[PDB]
Protein chains: 2
Amino acid sequence: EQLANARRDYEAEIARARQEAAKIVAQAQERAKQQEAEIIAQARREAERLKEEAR
Amino acid sequence: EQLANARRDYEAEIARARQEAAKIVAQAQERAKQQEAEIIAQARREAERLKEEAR
């Protein structure tokens, strides 16, 4: 059983590597969107405060 | 075979995360720097113009 299913285990390992190859990109893209939104919002609030202070 | 199968998935999942997160860096830095420069621009638009009009 183990020797016969070792081929299936190797195929499943390759499939898991392939699945992780895209999940790594997707999670990083989600974090990118979150961080960019946070930075943009903070700097826009800073810009509004700077406009008032400059007035 | 089990050790090699685990190692393949681990190696596939280890490297790509930092490279994918680097895709964050360009957009997030562009947004943050552009918004800080917009804060500076809002500060500077009033500073010279209001002084000129107040003269």
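Of all residues in segment A:35-55 being at the interface with chain B (Cβ under 7 Å from one of its Cβ atoms) and acidic (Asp, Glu), which is nearest to residue B:46 (Cα to Cα)?
Filtering first and then ranking leaves A:46.
So residue B:32 passes all but one of these: (1) under 18 Å from residue A:30 (Cα atoms); (2) at the interface with chain A (Cβ under 8 Å from one of its Cβ atoms); (3) surrounded by fewer than 16 Cβ atoms within 10 Å (Cβ to Cβ). Which condition number does it fail?
It fails just one condition, (3).
When you check residue A:51 against the structure, is it free of Cβ contacts under 8 Å to residues at least 24 places away in the same chain, surrounded by 12 or more Cβ atoms within 10 Å (Cβ to Cβ) and out of contact with any helix residue (DSSP H, G or I) (no Cβ under 7 Å at 6 or more places or on another chain), yes or no?
no
Taking segment A:19-35 as the region of interest, how many residues are of a type in the set (S, T, N, Q) and under 8 Å from the mean Cα position of the chain (by Cα)?
2
Using ideal geometry, Cβ is built from the backbone for each residue, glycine included, and neighbour counts are taken over all protein chains shown. FYI, it's all coordinate maths here, none of it is from the lab.
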